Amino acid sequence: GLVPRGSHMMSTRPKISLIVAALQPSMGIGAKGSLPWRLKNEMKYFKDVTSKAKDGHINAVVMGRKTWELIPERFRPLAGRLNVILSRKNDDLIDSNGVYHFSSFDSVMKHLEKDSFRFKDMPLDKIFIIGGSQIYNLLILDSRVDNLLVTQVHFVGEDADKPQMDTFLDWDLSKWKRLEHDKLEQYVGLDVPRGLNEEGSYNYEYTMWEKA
């Protein structure tokens, strides 16, 4: 935080991550309004990563309206995190549980900046964009996104049984560069398994990318 020297701001400005699982090779991120894989350890990774903040800080999760509707009521808002829901019909309100119902990523970022990136008298550490496909494909083009946390998902059943995806991440690889595993662990603040994790007909690898 602040020091007697007067040289440091109270907190660093929060990094923005887009966290997503994408099917190889064509970056499929949805099928028929859902997702064809259900990976228990990957869902735990999402919980652990989005919840892990440096001491005295909290993280934010930013999601589209349709994804908010698919979180079970008893688990909303996602505990231990600033929840932001995007809908163009929202009225830019912060409700009785501290949930931000905002009309655009621009509007919520403007508000957070006005508040010195603080919430419930906690500074923000990381802001995670958590989906769904429409919000991912809008915000992956936003210059404020600092990194991608991509779970690379591989189908390892028979070729004919691979799920047919119908929504894909608008990810231009020329704009991004994969980092080594130590950088991923240092960013997320956790010990993360390296390599291909196995569950059923899928394997999956945790990766991090920054801008080229």
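One-based numbering along the sequence shown.
Mean C-alpha B-factor is higher over 158-166 than over the other stretch, the pair under comparison being 63-71 and 158-166. With 146-154 and 173-181 compared on mean CA B-factor from the PDB entry, the stretch scoring higher is 173-181. Looking only at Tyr136, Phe105, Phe117, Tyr100, the residue with the top Cα B factor in the deposited structure is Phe117. Among the modelled residues of its chain, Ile130 has a C-alpha B-factor that falls in the lowest third according to the deposited record.
In the deposited entry, the Cα temperature factor of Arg76 sits in the top third of values across the chain's modelled residues. Looking at the C-alpha B-factors along this chain, the one for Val3 belongs to the middle third.
Looking at the C-alpha B-factors along this chain, the one for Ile85 belongs to the lowest third.
Ranked against the other modelled residues of its chain, the C-alpha B-factor of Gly56 as given in the entry falls in the highest third.
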